[PDB]
Structures are given as C-alpha cells and as structure tokens.
C-alpha cells in the first residue's frame, strides 16, 4: 500500500504533497548554500577558497532555490493541490504523467549534487555562460551533469505545463467560462504557457553547450565561427520568462490571501487582474536583452529593450493597486498569512522599482554585474516568491493537513524573517551603487561595513528557517483538528473539509447556465 500510494500515485493531492516535501527539503539545501555565501563575505579576506569553490556554492544556491524550491512548491505543490479543487475537477487531465513530473525531480537534484562532488564543481553562475562553462575552462563532468540536471527539470516542467493547461481548459464545470475561474487558476495557466514556450529554447541552448563540450561543435566558439553571445540570447530568451514563471503563481496566491483576510467575496477588478497577468506573460517574452546591456549591442536595440522592459510596470502596477483596493473596506483579519501577503506587497514593490532603475541601460552600464542587481532580484524572490510561498503555506496548511498551526508562533516567525531579509538585502543596494561586483569571494576593504551587516541579516533569516521547522513539528505534534473555516462560498477548495478525501468531486458540482 505505501509504495502503491506514494511511488505509484495518480492522485493530485498526494502528488502535491510530494512536491511540497521535496520543495521544503530543497529549501534547506538552498538556505545552507546562501549562508555559505554570506559566511565567505561576512568579513574581509578568504574563508573557504578562491572564487571556484565560492562560485560553485553561488551557482548551486540559485539552481536549488529556483528549480528545486520555488517551482516545485508553487506549481507542483500548490498548483496540484489547489487547481483541481478550485475548478471542481476530480483530478488533473493526465494523472499518471503528473506523477512522472514529480519523480523526474529527485534524479535532476541528484545530478546537480553530482556536479558539485565531481572534479571542482560547476562554478559558472546559474547562467552557465561559455566559454567559462566550456570544455577548456570547465573540463570534466561537472558542467555536463549541470546541463543534464536542467534537462530533467525542463522535461518535468514542460510535461507539468501540458498537464495544467489541459486540465484548466478542459476540466471546468460546463457552465464555468475561463472568466469564472479563480485568479490562482489563471496564474497557473499563464505560468504553464510561459513554461511550454520558454523551456524548449533553454533546452536547445544547453544542448548546444553540451555538444560544444563533447561533440566538437562550435555554436559558441569563435574558432569555428560561433559566438558566446548567441548562448546569452538563447538562455535569456528563457531566463526572463522564467522570473515571471517564478512570481506569477505567487501573485495568484497573494490575490486569494488578500481577498480572504480582507473578508471579501472577490478580489477588486478580477478582469483587470486577468488582463494584467496575460500582459505581463506576453511582454515577458520580448524583453530578455535587458540582461545584455553591456555585451556591445546597438544603441537602437538598447533603446527598444529599455522601453519594453519598463512597460511591464503598467500591468504590474494594476495588480498592486488592485490588491490595495481589495484591502479597502475590508474586515481585516491580521492572520499570519495576511502578514506574509502584506510584506509581499511592500517588498515586491521595492524590488520592482529598483528593476525600473535598472531598465535604463545607461544607468545599467554602471549597475550591471554588481550587487544592485542582486538587491533587485532578492527583493522580488526572497521577499516576493518566498513570502507568497510562506503566506500560501500558512493559509492552506490546515486544508492540506487537517491541523492548525499556532498563530502566535507563525507571527513570531514572520517578524524574524522580515527583519532578517531586509537586513540582508537592503545594504546590497549601497554595495551595488558604489561598485561591488557580483560573484566575488572577497571585496576591497571599503565594502566591509555593508557586507558585514548583510551577513548578520542572513543569520537572522537562518533563525527564522529553523523556527519554521519547529512550528510545523508543533502543529503535527499537538493535533488541533480543524472544525469550521470562513468564506467557503467563495473558496471552493475548503468545501470538502480538512483534509479533503482522497477522491473529491466524484460527483461534479452542479452549475447552471440560465
């Protein structure tokens, strides 16, 4: 029974739970790597070794947080648990293929841990640019193990995207149009279309890197007429959509959490929120060379990528102001999930505004490849994707488990993590403006004060991550069983109770047309 239920699953809730467990374990790997980074940097000089071991830690930090923590938790964990329930479907369209998307991830993570054990690791940056990642400067198996880890994670998500798009399009009640599905379901659908179109282009690019490393092709080697810059275009053609894939399910959860704890039946401006997510998904494919403003591109190309990148602020601003309009007039319930969502709104807005600074290429010439970029994206990732995840996890934990957390401990955990991440990242803006580069294991002495404070911040967030583990243990150790939940008439995933039976919607909902 154990093996049939957990290794042979065809059930969306149990596969969802598999992905949340996987994602939590990866989150501890990515946290440790982040503390190794901040230990290296937390005083001047060398702690671990030179930039090779250091950038192996940095590279793995990114890949683990992106591909093994955030994507599995938002799309495989919350998407699998919530999407079928929110549309009254009895499971995903392809329940067995859904289980292979899950099981591709432990092999993909194994490959990445293999890359770091063999030779001297892949110390390439998560962008894996050649020629540093090619077979002369990174001879031996480490970068090929990295490429194959990304191939497996890519197939897992491409097949996941097919599953979600099909389920969302085909498995709603016959009366429900796509304009009567909840915002989280639209956020998963749009993220899945972004995955479907962007991951195959990354697959093409890293396959070309694999053949340049092992079959004597020269796609990116000028000796054969190749160009290292072509790899950058193909990687970033996927990498920009990838950041919107990381955040969109987060925006979908934030809309539900803000609506729910404002005591509202609906988010403000539902069709504006759908329009904003499709516009950000479409615009997110025509901006990628904002990662390439110092590579030597033409001036008119730099002008178009500056303008197109900026334009994304318009639909994004619609959603921020709509979340404010949803709080407007609410019966505000100051639950710990609500705190996470309010931290999200503020910290995402900070990071989006420093993104707007960077979109100006002439200023990005000075800010590129410095810590100002690191500060921009950790305000949207560590203080947007993570805070949306922690919001959704504390909100829906009683649905998944049937048990309640202690809300006082969860508020304490939010307070420690909010201090910790702002201590860590806020000073990196000053380090970036004054010129400290990225991917450095040590810095000129003038940069010491802000690196010291940033490192001290990272330990406060470590204390929060340890306390989170204790808070989950305490809930399972005390077994306070859920009785009633508020607002089920506009939150269908709760209406089958906590946790819902293994099979739900065996008899579909009744929805009439009129």
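Basically, rigid core = biggest C-alpha set you can superpose within 1.5 Å across the two forms. Numbering follows the first chain given and starts at 1.
So if we fit everything on the core, which stretch drifts more in 7 other deposited structures of this protein, 396-404 or 379-387, C-alphas only? The stretch that sits farther from the shown form in 7 other deposited structures of this protein is 379-387.
If you take the mean CA temperature factor per stretch, which one wins between 230-238 and 295-303? Higher mean C-alpha B-factor: 295-303.
42-50 versus 62-70 - greater average Cα B-factor per the deposited record: Between 42-50 and 62-70, it is 42-50 that shows the higher mean C-alpha B-factor.
Out of 113, 253, 190, 196, which one has a C-alpha B factor higher than all the others in the entry? Comparing C-alpha B-factors across 113, 253, 190, 196, the top value belongs to 113.
CA B-factor placement of residue 395, once the chain's modelled residues are sorted into thirds: Within its chain, residue 395 is a lowest-third residue by C-alpha B-factor, going by the deposited values.
Would you please rank residue 506 by its C-alpha temperature factor against the other modelled residues of its chain and give the third it falls in: lowest, middle or highest? Highest third - that is where residue 506 ends up once the chain's C-alpha B-factors are sorted.
Would you please rank residue 311 by its C-alpha temperature factor against the other modelled residues of its chain and give the third it falls in: lowest, middle or highest? For residue 311, the deposited C-alpha B-factor lands in the highest third.
Ordered by C-alpha B-factor within the chain, which third holds residue 405? Give me lowest, middle or highest, please. Tercile = middle for this residue's CA B-factor.
Chain thirds of CA B-factor: placement of residue 91: Its C-alpha B-factor, which the entry lists for residue 91, ranks in the lowest third among residues of this chain.
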